[PDB]
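Chains as they are written, first to last, in the UniProt record's numbering: chain A, 121 to 189; chain B, 2 to 84. Positions of the beta carbon are idealized from the N, C-alpha and C atoms, including for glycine. First up is the structure itself, then whatever we jot down about it.
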Ligand SMILES: CCCCCCCCCCCCCCCCC[C@@H](O)O[C@H](CO[C@H](O)CCCCCCCCCCCCCCC)COP(=O)(O)OCC[N+](C)(C)C
Ligand SMILES: CCCCCCCC/C=C\CCCCCCCC(=O)O[C@H](COC(=O)CCCCCCC/C=C/CCCCCCCC)COP(=O)(O)OCCN
């Protein structure tokens with residue numbers, strides 16, 4: 121029965137080791153992502169949570185018919 | 002091109018006001034494209050000095066910029082005097 125239907129215990133051992141490693145990395149990545157999102161929403165200096173401003177190319181730098189401006 | 006003549010004759014006999022209005026509207030739509038005087042009107046509009054011409058600082062590399070209003074350089078309005 122063992123020869124025909126099942127395998128050795130080392131197979132399951134190493135499989136669950138790999139599964140545990142994968143899940144641990146995923147958990148760490150999730151926590152790091154939450155922290156990064158919080159920090160970049162608070163500060164706004166990151167790529168995410170960038171809100172549009174007024175483009176400076178719309179300004180007209182020419183004489184305005186009055187000397188002051 | 003045969004039935005349209007009869008339609009035009011019937012319209013002129015029955016409702017000349019609409020015929021005249023449509024003719025005037027079409028004429029006003031088409032003609033300004035073919036008129037060579039539109040560019041003259043645009044140039045006349047562009048040649049009207051509403052605001053002050055601000056002088057340019059001389060850096061020594063402006064051959065096409067006059068140093069005085071009576072200098073030969075710069076735009077000329079002689080074409081307007083003959084129009
Ligand atoms: C010796 C006589 C006295 C003792 C009798 C003992 C009775 C034991 C027989 C009863 C069998 C119990 C059913 C359990 C089936 C397990 C299914 C699965 O686990 O097996 C897979 C494969 O299946 C097996 O080949 C068996 C499949 C056969 C299904 C049994 C059905 C027989 C019922 C009879 C039906 C009769 C129909 C009549 C029609 C009219 C294994 O997957 P695999 O990853 O590949 O192999 C891993 C191991 N390796 C790598 C070393 C090779
Ligand atoms: C894309 C070009 C547009 C610019 C030109 C037009 C500018 C504005 C002029 C149009 C104003 C609105 C016109 C509204 C049209 C209404 C037509 C209509 O349905 O009235 C009919 C009557 O009108 C008609 O007969 C049908 C259409 C008649 C001809 C309409 C114009 C066809 C083209 C005429 C000019 C062709 C080009 C000029 C050639 C000049 C000759 C060399 C109903 O008659 P009632 O008075 O209500 O009742 C009568 C019974 N008691």
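What residues from chain B crowd round residue i, counting only those whose CB sits closer than 7 Å?
{"i": "residue 183 (chain A)", "result": "55"}
Starting from residue i, find everything on chain A with Cβ-Cβ shorter than 7 Å and list it in chain order.
{"i": "residue 52 (chain B)", "result": "185"}
Tell me whether residue i, by its Cβ, gets closer than 7 Å to a heavy atom of ligand 1.
{"i": "residue 165 (chain A)", "result": "no"}
{"i": "residue 133 (chain A)", "result": "no"}
{"i": "residue 171 (chain A)", "result": "no"}
Report whether the distance from the Cβ of residue i to the nearest heavy atom of ligand 2 is below 7 Å.
{"i": "residue 31 (chain B)", "result": "no"}
{"i": "residue 3 (chain B)", "result": "no"}
{"i": "residue 10 (chain B)", "result": "no"}
{"i": "residue 18 (chain B)", "result": "no"}
{"i": "residue 14 (chain B)", "result": "no"}
{"i": "residue 75 (chain B)", "result": "no"}
{"i": "residue 22 (chain B)", "result": "yes"}
{"i": "residue 27 (chain B)", "result": "yes"}
Please say whether residue j and residue i have beta carbons closer to each other than 8 Å?
{"i": "residue 78 (chain B)", "j": "residue 48 (chain B)", "result": "yes"}
{"i": "residue 65 (chain B)", "j": "residue 71 (chain B)", "result": "no"}
{"i": "residue 55 (chain B)", "j": "residue 167 (chain A)", "result": "no"}
{"i": "residue 185 (chain A)", "j": "residue 40 (chain B)", "result": "no"}
{"i": "residue 169 (chain A)", "j": "residue 158 (chain A)", "result": "no"}
{"i": "residue 45 (chain B)", "j": "residue 81 (chain B)", "result": "yes"}
{"i": "residue 12 (chain B)", "j": "residue 20 (chain B)", "result": "yes"}
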